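Participant: The structure's right below; bear with me while I get my questions together.
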Amino acid sequence: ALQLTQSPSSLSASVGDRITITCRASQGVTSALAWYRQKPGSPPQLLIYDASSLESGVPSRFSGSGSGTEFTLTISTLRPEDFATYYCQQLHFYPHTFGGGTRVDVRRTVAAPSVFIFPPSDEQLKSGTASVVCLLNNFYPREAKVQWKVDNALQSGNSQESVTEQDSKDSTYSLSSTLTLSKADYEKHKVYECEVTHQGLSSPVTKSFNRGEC
Amino acid sequence: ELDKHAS
Amino acid sequence: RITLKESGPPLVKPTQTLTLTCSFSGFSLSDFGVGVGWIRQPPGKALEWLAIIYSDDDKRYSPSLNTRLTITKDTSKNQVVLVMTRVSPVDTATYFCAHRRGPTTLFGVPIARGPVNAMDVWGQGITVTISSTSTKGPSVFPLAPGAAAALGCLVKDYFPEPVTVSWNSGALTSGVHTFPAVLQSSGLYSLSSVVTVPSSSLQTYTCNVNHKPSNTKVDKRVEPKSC
């Protein structure tokens with residue numbers, strides 16, 4: 001079906017800035033497009049309907065323009081409540097698609113993550129499972145990539161990660177990634193590595209340990 | 001297809 | 001003033017049928033051209049359109065979910081119901097219903113269709129988790145180690161959410177990061193809580209974990225191993 005691509009997917013800014021988010025459709029949707037702002041924990045809120053009409057009760061700093069395949073939302077003077085995720089929605093064709101969203105967060109100086117790797121506890125091992133956790137602490141911007149390697153084999157499909165919300169004092173994020181293996185598989189290898197790529201790191205940093213080394 | 005108030 | 005609110009089960013098991021109700025006030029589903037739609041949002045993901053129904057009773061569904069969705073209205077009760085069959089874990093999401101305006105009319109004559117291009121009022125959303133798990137308390141394991149040091153606790157295999165974690169009975173707050181839990185393929189949640197301190201403080205560190213649902217409290221003191 002019809003594709004709606006938002007750009008950028010993520011954007012950093014400060015109070016008072018002017019930002020503009022754009023949304024492009026794969027086929028023309030005339031003026032049937034709406035913009036929403038969604039704050040964490042809340043439902044999306046309508047800002048602009050029919051590509052450019054200002055929704056009632058919505059502050060005038062919000063503006064929408066465009067028609068056909070290209071639309072833009074601009075917030076002229078960013079306020080603290082605007083740090084949020086924005087979505088565009090097309091209503092010309094069924095299904096009524098939403099774009100992927102664009103996250104707007106507090107800009108701050110680039111900060112590389114402090115990385116730490118934790119081996120599984122002997123207590124967990126006795127239960128038969130092995131969790132290897134990797135921590136990326138206080139970094140910025142939000143995008144980071146974690147790659148697990150076991151005896152140099154690239155791992156896939158056996159890890160999960162979660163990211164904290166932007167810190168209200170730091171403006172940084174932290175990320176936890178868990179590699180999970182059976183105790184048996186765990187025992188069949190030695191070098192457990194967490195490889196981290198991030199804008200603040202000149203090149204990828206790797207933190208690792210050799211299993212059983214005492 | 002087109003919406004309910006499409007064209 | 002238009003308001004909508006979603007209701008239904010917070011937890012549902014795979015293969016089961018999920019029935020969600022949207023009760024609203026401020027408009028009638030008998031008003032001209034009005035619509036009520038459903039949109040969902042898996043945790044951390046984008047909004048996904050599901051279906052919509054209008055007062056003249058036309059219904060439309062997401063093509064990807066068409067076979068599992070039924071939307072219906074009960075005009076006299078001011079409710080719209082969405083039934084999803086055969087749910088699976090990927091259906092865990094926050095589900096929202098929303099109002100869609102019909103064209104503006106002048107002396108009962110449609111004169112403006114621009115107002116239909118948006119879903120203008122949304123309900124708070126209802127969180128639905130799809131898992132075959134029974135209530136279960138977490139196992140708590142230690143996570144042990146600019147020149148900052150890190151340690152923590154891995155709160156593993158519990159259900160359902162939430163769990164609370166604090167450090168040193170609430171006295172340790174700076175440098176603490178408790179991550180959002182991930183729902184494992186097993187259907188149980190898992191989360192880590194860590195804390196960063198000056199590489200010298202290694203002071204004592206104990207995580208206090210509490211999973212109300214299963215009556216499981218645990219305090220786990222964590223230290224820099226090696227005896």
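To be explicit about the labels: the chains of the structure tokens are called A, B, and onward in the order shown, and within each one the residues are counted from 1, while ligands get numbers from 1 in the order they are shown.
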Using only C-alpha atoms, what does the table of chain A residues within 10 Å of chain B look like, with each row giving the shortest atom pair and its distance in Å to one decimal, sorted by chain and ascending number, as a Markdown table?
Facilitator:
| residue | atom | partner | partner_atom | distance |
| --- | --- | --- | --- | --- |
| A:1 | CA | B:1 | CA | 9.6 |
| A:2 | CA | B:1 | CA | 9.9 |
| A:29 | CA | B:6 | CA | 9.0 |
| A:30 | CA | B:6 | CA | 8.9 |
| A:32 | CA | B:6 | CA | 8.3 |
| A:90 | CA | B:3 | CA | 9.9 |
| A:91 | CA | B:3 | CA | 6.5 |
| A:92 | CA | B:3 | CA | 5.0 |
| A:93 | CA | B:2 | CA | 4.4 |
| A:94 | CA | B:1 | CA | 5.4 |
| A:95 | CA | B:1 | CA | 7.9 |
| A:96 | CA | B:3 | CA | 8.2 |
Participant: Selection from above, N, CA and C atoms, as a compact mmCIF listing (two decimals), in the first residue's frame, can you write it?
Facilitator:
# COMPACT_ATOMS: atom_id res chain seq x y z
N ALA A 1 0.80 -1.26 0.00
CA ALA A 1 0.00 0.00 0.00
C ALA A 1 0.83 1.30 0.00
N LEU A 2 0.08 2.40 0.16
CA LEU A 2 0.61 3.75 0.21
C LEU A 2 1.62 3.89 1.34
N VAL A 29 -1.99 12.36 -1.99
CA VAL A 29 -3.09 12.24 -1.04
C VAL A 29 -3.88 13.56 -0.97
N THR A 30 -3.76 14.39 -2.01
CA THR A 30 -4.44 15.68 -2.06
C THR A 30 -4.13 16.44 -0.79
N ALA A 32 -5.57 15.65 2.20
CA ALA A 32 -6.07 14.83 3.31
C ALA A 32 -4.94 14.30 4.19
N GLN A 90 -2.33 10.13 6.70
CA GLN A 90 -2.93 10.32 5.41
C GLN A 90 -4.39 9.77 5.55
N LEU A 91 -5.39 10.47 5.00
CA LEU A 91 -6.79 10.03 5.03
C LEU A 91 -7.50 10.04 3.66
N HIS A 92 -6.71 9.98 2.61
CA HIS A 92 -7.22 9.97 1.23
C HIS A 92 -7.53 8.57 0.73
N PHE A 93 -6.70 7.60 1.15
CA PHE A 93 -6.83 6.19 0.75
C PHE A 93 -6.90 5.29 1.96
N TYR A 94 -7.66 4.18 1.86
CA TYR A 94 -7.73 3.21 2.94
C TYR A 94 -6.62 2.23 2.61
N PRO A 95 -5.89 1.79 3.63
CA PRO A 95 -6.05 2.18 5.03
C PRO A 95 -5.44 3.57 5.23
N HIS A 96 -5.96 4.28 6.23
CA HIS A 96 -5.54 5.63 6.63
C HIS A 96 -4.18 5.68 7.35
Participant: Write down, as a ChimeraX atom specification, each residue of chain C that has any atom within 6 Å of an atom of chain A, counting only C-alpha atoms.
Facilitator: /C:46,62,114,117-118,120,124,143,179
Participant: Given a cut-off of 10 Å, which residues of chain C touch chain B, counting only C-alpha atoms, written out as a short mmCIF file (atom, residue, chain, number, x, y, z; two decimals) with N, CA, C and O atoms, in the first residue's frame?
Facilitator:
data_model
loop_
_atom_site.label_atom_id
_atom_site.label_comp_id
_atom_site.auth_asym_id
_atom_site.auth_seq_id
_atom_site.Cartn_x
_atom_site.Cartn_y
_atom_site.Cartn_z
N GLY C 33 -22.22 11.94 8.86
CA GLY C 33 -20.86 11.59 8.47
C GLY C 33 -19.82 11.36 9.54
O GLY C 33 -18.64 11.24 9.22
N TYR C 54 -18.42 4.48 10.31
CA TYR C 54 -19.17 5.76 10.22
C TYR C 54 -20.61 5.59 10.65
O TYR C 54 -21.14 4.47 10.70
N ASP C 58 -20.84 2.35 7.21
CA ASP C 58 -19.82 1.87 6.27
C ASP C 58 -18.67 1.49 7.23
O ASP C 58 -18.47 2.18 8.25
N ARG C 60 -14.42 -0.03 7.43
CA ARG C 60 -13.20 -0.24 6.64
C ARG C 60 -12.13 -0.78 7.62
O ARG C 60 -12.04 -0.36 8.76
N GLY C 102 -17.46 14.71 10.63
CA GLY C 102 -18.11 14.54 9.33
C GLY C 102 -18.04 15.92 8.64
O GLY C 102 -17.60 16.84 9.27
N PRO C 103 -18.42 16.10 7.36
CA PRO C 103 -18.33 17.43 6.75
C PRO C 103 -19.17 18.50 7.46
O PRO C 103 -20.23 18.23 8.03
N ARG C 113 -15.52 19.76 3.40
CA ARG C 113 -15.03 18.44 3.76
C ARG C 113 -13.64 18.47 4.43
O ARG C 113 -13.20 17.47 4.99
N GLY C 114 -12.97 19.62 4.43
CA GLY C 114 -11.68 19.72 5.07
C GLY C 114 -11.71 19.19 6.52
O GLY C 114 -10.79 18.54 6.92
N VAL C 116 -12.92 16.60 7.81
CA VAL C 116 -12.84 15.16 7.98
C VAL C 116 -11.42 14.69 7.86
O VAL C 116 -11.13 13.52 8.13
N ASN C 117 -10.51 15.56 7.45
CA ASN C 117 -9.15 15.08 7.28
C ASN C 117 -8.24 15.11 8.53
O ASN C 117 -7.20 15.81 8.57
#
Participant: From a DSSP calculation on the backbone, collect every residue of segment 76-162 of chain C in helix (DSSP H, G or I) and output the set as a ChimeraX atom specification.
Facilitator: /C:76-77,89-91,114-116
Participant: Keeping only C-alpha atoms, write those residues as a short mmCIF file (atom, residue, chain, number, x, y, z; two decimals), in the first residue's frame.
Facilitator:
data_model
loop_
_atom_site.label_atom_id
_atom_site.label_comp_id
_atom_site.auth_asym_id
_atom_site.auth_seq_id
_atom_site.Cartn_x
_atom_site.Cartn_y
_atom_site.Cartn_z
CA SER C 76 -28.07 3.91 21.39
CA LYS C 77 -25.31 3.06 23.90
CA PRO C 89 2.11 -11.66 21.26
CA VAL C 90 2.78 -9.07 18.50
CA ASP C 91 -0.71 -7.73 19.18
CA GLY C 114 -11.68 19.72 5.07
CA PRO C 115 -12.69 18.90 8.69
CA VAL C 116 -12.84 15.16 7.98
#
Participant: What is the atom CA of residue 80 of chain A-atom CA of residue 67 of chain A distance in Å, reported with one decimal?
Facilitator: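 Going from atom CA of residue 80 of chain A over to atom CA of residue 67 of chain A, I get 29.0 Å.
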Participant: Among the residues of segment 18-159 of chain A, find those DSSP assigns to strand (DSSP E) from the backbone and print them as a PyMOL selection string.
Facilitator: chain A and resi 19-25+33-38+45-49+53-54+62-67+70-75+84-90+102-106+114-118+129-139+144-150+153-154+159
Participant: Could you turn the residues from that selection into a file that holds C-alpha atoms, as a tab-separated table (two decimals), in the first residue's frame?
Facilitator:
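Contents of part-v6.tsv, freshly written:
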chain	number	residue	atom	x	y	z
A	19	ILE	CA	11.90	23.17	13.49
A	20	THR	CA	10.25	21.66	10.52
A	21	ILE	CA	9.29	18.03	10.09
A	22	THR	CA	8.41	16.71	6.67
A	23	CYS	CA	6.20	13.84	5.45
A	24	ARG	CA	6.24	12.41	1.92
A	25	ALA	CA	3.65	10.11	0.42
A	33	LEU	CA	-3.27	14.85	5.82
A	34	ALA	CA	-3.13	15.49	9.51
A	35	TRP	CA	-0.34	16.20	12.00
A	36	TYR	CA	-0.27	15.10	15.64
A	37	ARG	CA	1.98	15.62	18.61
A	38	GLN	CA	2.21	12.82	21.18
A	45	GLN	CA	-3.15	15.24	19.94
A	46	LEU	CA	-4.39	16.79	16.68
A	47	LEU	CA	-2.41	19.91	15.65
A	48	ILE	CA	-3.21	20.42	11.94
A	49	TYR	CA	-6.02	18.90	9.83
A	53	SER	CA	-5.86	24.12	8.89
A	54	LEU	CA	-5.03	24.97	12.49
A	62	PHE	CA	2.27	25.32	14.82
A	63	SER	CA	1.91	25.50	11.12
A	64	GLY	CA	1.30	23.05	8.33
A	65	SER	CA	1.74	23.40	4.55
A	66	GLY	CA	1.93	21.30	1.37
A	67	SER	CA	-0.42	19.04	-0.67
A	70	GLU	CA	5.00	16.49	0.25
A	71	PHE	CA	3.97	18.07	3.55
A	72	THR	CA	5.70	19.96	6.31
A	73	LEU	CA	4.89	20.87	9.91
A	74	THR	CA	6.84	23.70	11.36
A	75	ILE	CA	6.88	24.81	14.93
A	84	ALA	CA	7.80	14.83	21.91
A	85	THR	CA	7.11	12.58	18.96
A	86	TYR	CA	5.19	13.90	15.94
A	87	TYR	CA	3.20	11.88	13.45
A	88	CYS	CA	1.57	12.62	10.09
A	89	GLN	CA	-1.54	10.67	8.89
A	90	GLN	CA	-2.93	10.32	5.41
A	102	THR	CA	9.78	11.90	14.37
A	103	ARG	CA	11.16	12.22	17.91
A	104	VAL	CA	12.11	15.73	18.96
A	105	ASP	CA	14.45	15.78	21.97
A	106	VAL	CA	16.59	18.29	23.98
A	114	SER	CA	30.52	4.64	29.00
A	115	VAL	CA	30.26	0.92	28.17
A	116	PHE	CA	30.25	-1.98	30.65
A	117	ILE	CA	29.81	-5.74	30.15
A	118	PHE	CA	28.44	-7.98	32.86
A	129	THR	CA	20.28	-19.91	31.89
A	130	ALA	CA	22.94	-17.35	31.11
A	131	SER	CA	22.29	-13.63	30.69
A	132	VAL	CA	25.04	-11.40	29.47
A	133	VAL	CA	24.22	-7.72	29.85
A	134	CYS	CA	25.83	-4.74	28.22
A	135	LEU	CA	25.32	-1.24	29.45
A	136	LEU	CA	25.77	1.99	27.44
A	137	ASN	CA	25.57	4.77	30.01
A	138	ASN	CA	24.74	8.49	29.52
A	139	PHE	CA	25.27	9.03	25.76
A	144	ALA	CA	23.52	3.65	19.22
A	145	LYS	CA	24.22	0.20	17.85
A	146	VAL	CA	25.13	-2.81	19.96
A	147	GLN	CA	26.52	-5.96	18.40
A	148	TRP	CA	27.10	-9.13	20.43
A	149	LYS	CA	29.95	-11.42	19.46
A	150	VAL	CA	30.73	-14.82	21.02
A	153	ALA	CA	30.56	-15.15	15.86
A	154	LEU	CA	28.12	-12.35	15.22
A	159	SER	CA	19.32	-10.33	22.56
Participant: Could you check how far atom CA of residue 194 of chain A sits from atom CA of residue 172 of chain A, in Å to one decimal?
Facilitator: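 Taking atom CA of residue 194 of chain A and atom CA of residue 172 of chain A, their separation equals 20.4 Å.
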Participant: Can you measure atom CA of residue 49 of chain C to atom CA of residue 9 of chain A for me? One decimal in Å is fine.
Facilitator: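 If I compute the distance from atom CA of residue 49 of chain C to atom CA of residue 9 of chain A, I get 19.1 Å.
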Participant: Skipping near chain neighbours, those fewer than 2 positions away, what residues fall within 6 Å of residue 130 of chain C using only C-alpha atoms, listed as a list in words?
Facilitator: residues 11, 12, 13, 89 and 92 of chain C
Participant: I'd like to know which of C:75, C:88, C:133, C:173 is closest to residue 197 of chain C, using only C-alpha atoms.
Facilitator: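 Closest to residue 197 of chain C of all the choices is C:173.
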Participant: Name the residues in contact with residue 159 of chain C at a cut-off of 10 Å, using only C-alpha atoms, excluding same-chain residues fewer than 6 positions from it; report them as a VMD selection string.
Facilitator: chain C and resid 131 133 to 138 183 187 to 190 211 213 to 214
Participant: Keeping only C-alpha atoms, write the selected residues to a file as a PDB file, in the first residue's frame.
Facilitator:
ATOM      1  CA  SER C 131       0.956 -13.572  26.849  1.00  0.00           C
ATOM      2  CA  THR C 133       1.935 -16.453  31.383  1.00  0.00           C
ATOM      3  CA  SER C 134       0.544 -16.912  34.731  1.00  0.00           C
ATOM      4  CA  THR C 135       1.437 -14.477  37.492  1.00  0.00           C
ATOM      5  CA  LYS C 136       5.084 -15.046  38.514  1.00  0.00           C
ATOM      6  CA  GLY C 137       7.728 -13.369  40.687  1.00  0.00           C
ATOM      7  CA  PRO C 138      11.193 -12.329  39.339  1.00  0.00           C
ATOM      8  CA  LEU C 183       8.592  -8.905  27.076  1.00  0.00           C
ATOM      9  CA  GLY C 187       5.941 -14.329  27.721  1.00  0.00           C
ATOM     10  CA  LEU C 188       7.718 -13.137  30.862  1.00  0.00           C
ATOM     11  CA  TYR C 189       9.223  -9.739  31.380  1.00  0.00           C
ATOM     12  CA  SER C 190      12.810  -8.896  32.206  1.00  0.00           C
ATOM     13  CA  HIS C 211       6.698  -7.290  42.296  1.00  0.00           C
ATOM     14  CA  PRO C 213       1.361  -8.981  41.650  1.00  0.00           C
ATOM     15  CA  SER C 214       3.138 -12.055  43.071  1.00  0.00           C
TER      16      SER C 214
END
Participant: Contacts of residue 205 of chain C at 10 Å or less, counting only C-alpha atoms, minus same-chain residues fewer than 6 places along, as a JSON list (two decimals) with N, CA, C and O atoms, in the first residue's frame?
Facilitator:
[["chain", "number", "residue", "atom", "x", "y", "z"],
["C", 151, "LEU", "N", 27.18, -1.06, 38.43],
["C", 151, "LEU", "CA", 26.70, -2.35, 38.92],
["C", 151, "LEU", "C", 25.18, -2.32, 38.88],
["C", 151, "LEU", "O", 24.57, -1.27, 38.62],
["C", 152, "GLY", "N", 24.55, -3.45, 39.11],
["C", 152, "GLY", "CA", 23.11, -3.44, 39.06],
["C", 152, "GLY", "C", 22.49, -4.75, 39.44],
["C", 152, "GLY", "O", 23.14, -5.62, 40.06],
["C", 167, "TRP", "N", 17.34, 1.69, 45.05],
["C", 167, "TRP", "CA", 18.66, 1.36, 45.55],
["C", 167, "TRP", "C", 18.79, 1.90, 46.99],
["C", 167, "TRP", "O", 18.27, 2.96, 47.32],
["C", 168, "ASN", "N", 19.44, 1.12, 47.85],
["C", 168, "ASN", "CA", 19.64, 1.44, 49.27],
["C", 168, "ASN", "C", 18.40, 2.00, 49.89],
["C", 168, "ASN", "O", 18.40, 3.11, 50.40],
["C", 169, "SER", "N", 17.33, 1.21, 49.83],
["C", 169, "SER", "CA", 16.05, 1.56, 50.41],
["C", 169, "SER", "C", 15.53, 2.94, 50.03],
["C", 169, "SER", "O", 14.74, 3.52, 50.78],
["C", 172, "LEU", "N", 19.71, 5.87, 47.48],
["C", 172, "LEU", "CA", 20.60, 6.02, 46.35],
["C", 172, "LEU", "C", 19.73, 6.34, 45.15],
["C", 172, "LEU", "O", 18.87, 5.53, 44.75],
["C", 195, "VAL", "N", 23.42, 1.23, 38.41],
["C", 195, "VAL", "CA", 23.82, 2.47, 39.03],
["C", 195, "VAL", "C", 25.31, 2.67, 38.83],
["C", 195, "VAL", "O", 26.08, 1.75, 38.91],
["C", 220, "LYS", "N", 18.77, -7.33, 47.22],
["C", 220, "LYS", "CA", 19.98, -8.02, 46.80],
["C", 220, "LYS", "C", 21.16, -7.08, 46.85],
["C", 220, "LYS", "O", 21.21, -6.10, 46.12],
["C", 221, "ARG", "N", 22.10, -7.37, 47.73],
["C", 221, "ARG", "CA", 23.29, -6.56, 47.88],
["C", 221, "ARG", "C", 24.24, -7.03, 46.80],
["C", 221, "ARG", "O", 24.48, -8.20, 46.65],
["C", 222, "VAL", "N", 24.81, -6.09, 46.08],
["C", 222, "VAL", "CA", 25.68, -6.39, 44.98],
["C", 222, "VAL", "C", 27.09, -5.84, 45.24],
["C", 222, "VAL", "O", 27.25, -4.69, 45.60],
["C", 223, "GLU", "N", 28.10, -6.64, 45.07],
["C", 223, "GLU", "CA", 29.44, -6.07, 45.27],
["C", 223, "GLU", "C", 30.41, -6.51, 44.20],
["C", 223, "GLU", "O", 30.09, -7.39, 43.40]]
Participant: Tell me, as an MDAnalysis selection string, which residues lie within 8 Å of residue 110 of chain A, counting only C-alpha atoms; anything in the same chain fewer than 3 positions away does not count.
Facilitator: chainID A and resid 139:141 199:200
Participant: Mind dumping the selected residues with N, CA, C and O atoms as a PDB file, in the first residue's frame?
Facilitator:
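Result went into selection-v1.pdb, see below:
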ATOM      1  N   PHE A 139      24.722   8.613  27.049  1.00  0.00           N
ATOM      2  CA  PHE A 139      25.268   9.033  25.756  1.00  0.00           C
ATOM      3  C   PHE A 139      24.285   9.978  25.041  1.00  0.00           C
ATOM      4  O   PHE A 139      23.146  10.175  25.506  1.00  0.00           O
ATOM      5  N   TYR A 140      24.722  10.558  23.927  1.00  0.00           N
ATOM      6  CA  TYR A 140      23.885  11.475  23.123  1.00  0.00           C
ATOM      7  C   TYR A 140      24.622  11.711  21.810  1.00  0.00           C
ATOM      8  O   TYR A 140      25.829  11.941  21.805  1.00  0.00           O
ATOM      9  N   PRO A 141      23.902  11.694  20.675  1.00  0.00           N
ATOM     10  CA  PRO A 141      22.471  11.469  20.520  1.00  0.00           C
ATOM     11  C   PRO A 141      21.985  10.039  20.803  1.00  0.00           C
ATOM     12  O   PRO A 141      22.781   9.115  20.964  1.00  0.00           O
ATOM     13  N   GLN A 199      27.924   7.900  17.566  1.00  0.00           N
ATOM     14  CA  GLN A 199      28.501   9.083  16.984  1.00  0.00           C
ATOM     15  C   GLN A 199      29.661   9.674  17.775  1.00  0.00           C
ATOM     16  O   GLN A 199      30.602  10.182  17.196  1.00  0.00           O
ATOM     17  N   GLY A 200      29.598   9.608  19.098  1.00  0.00           N
ATOM     18  CA  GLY A 200      30.671  10.157  19.901  1.00  0.00           C
ATOM     19  C   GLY A 200      31.926   9.294  20.005  1.00  0.00           C
ATOM     20  O   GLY A 200      32.869   9.649  20.701  1.00  0.00           O
TER      21      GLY A 200
END
Participant: Tell me which of C:123, C:212, C:198, C:85 sits closest to residue 160 of chain C, counting only C-alpha atoms.
Facilitator: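 Of all the options, C:212 lies closest to residue 160 of chain C.
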Participant: Residues at most 9 Å from residue 82 of chain C, counting only C-alpha atoms, excluding those fewer than 4 positions away in the same chain, as a CSV table (one decimal) with N, CA, C and O atoms, in the first residue's frame?
Facilitator:
chain,number,residue,atom,x,y,z
C,18,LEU,N,-10.0,-10.9,21.5
C,18,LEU,CA,-10.0,-9.7,22.2
C,18,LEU,C,-11.1,-8.8,21.7
C,18,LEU,O,-11.2,-8.5,20.5
C,19,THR,N,-11.9,-8.3,22.7
C,19,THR,CA,-13.0,-7.4,22.4
C,19,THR,C,-12.7,-6.1,23.2
C,19,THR,O,-12.6,-6.1,24.4
C,20,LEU,N,-12.7,-5.0,22.5
C,20,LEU,CA,-12.4,-3.7,23.0
C,20,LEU,C,-13.6,-2.8,22.8
C,20,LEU,O,-14.2,-2.9,21.7
C,21,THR,N,-14.0,-2.0,23.8
C,21,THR,CA,-15.1,-1.2,23.7
C,21,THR,C,-14.7,0.3,23.8
C,21,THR,O,-13.9,0.7,24.7
C,22,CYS,N,-15.2,1.2,23.0
C,22,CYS,CA,-15.0,2.6,23.0
C,22,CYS,C,-16.3,3.2,23.4
C,22,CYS,O,-17.2,3.1,22.6
C,38,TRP,N,-10.1,3.1,15.2
C,38,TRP,CA,-9.2,2.5,16.2
C,38,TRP,C,-7.8,2.5,15.7
C,38,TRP,O,-7.6,2.2,14.5
C,51,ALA,N,-9.0,0.4,11.9
C,51,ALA,CA,-10.3,0.3,11.3
C,51,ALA,C,-11.1,1.6,11.6
C,51,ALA,O,-10.8,2.3,12.6
C,69,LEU,N,-10.3,-8.7,12.3
C,69,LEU,CA,-11.1,-7.6,12.9
C,69,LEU,C,-12.5,-7.5,12.5
C,69,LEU,O,-12.9,-7.8,11.3
C,70,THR,N,-13.3,-7.2,13.5
C,70,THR,CA,-14.7,-6.9,13.3
C,70,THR,C,-15.0,-5.6,14.0
C,70,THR,O,-14.6,-5.4,15.2
C,71,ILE,N,-15.6,-4.6,13.4
C,71,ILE,CA,-15.9,-3.4,14.1
C,71,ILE,C,-17.4,-3.2,14.0
C,71,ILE,O,-18.0,-3.5,13.0
C,72,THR,N,-18.0,-2.8,15.1
C,72,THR,CA,-19.4,-2.6,15.1
C,72,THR,C,-19.9,-1.4,15.9
C,72,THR,O,-19.1,-1.0,16.8
C,73,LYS,N,-21.1,-0.9,15.7
C,73,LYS,CA,-21.4,0.2,16.6
C,73,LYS,C,-22.7,-0.1,17.4
C,73,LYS,O,-23.5,-0.9,16.9
